[PDB]
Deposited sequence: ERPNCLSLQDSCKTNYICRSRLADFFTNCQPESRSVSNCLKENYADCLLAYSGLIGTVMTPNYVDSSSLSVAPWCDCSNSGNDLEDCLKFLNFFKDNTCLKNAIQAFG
């Protein structure tokens, strides 16, 4: 059964390897601004490498990890923000197109 993304995030953060890789992904594939969803082009390579760095962890893509936001309770908005960082990430989409 597909787990809740926040639960999966917690299982990742307790492992020093996954915690580090996840943090790198959020850092390198973040928007260039609150208004601009894309990152600066100069960061494409680092964003893709960071995204690929998730492979081998519970955050392995297949794209978003294997999780959804069912049963998020009061934390639904946060769960969706997490999930959308994978599914609706302009920086990541552009990086994959550029070097994937």
Where the deposited sequence has no C-alpha coordinates (positions from 1, in order): 63 to 70
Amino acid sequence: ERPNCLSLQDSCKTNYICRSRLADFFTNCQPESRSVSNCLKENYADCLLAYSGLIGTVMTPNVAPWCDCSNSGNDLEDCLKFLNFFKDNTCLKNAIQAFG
From here on, numbers count along this sequence of modelled residues.
Per the entry, higher mean C-alpha B factor between 85 to 93 and 14 to 22: 85 to 93
Comparing 25 to 33 with 47 to 55, the one whose average Cα B-factor in the PDB entry is higher: 25 to 33
Position of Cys67 among the chain's modelled residues by C-alpha B-factor, lowest, middle or highest third: middle
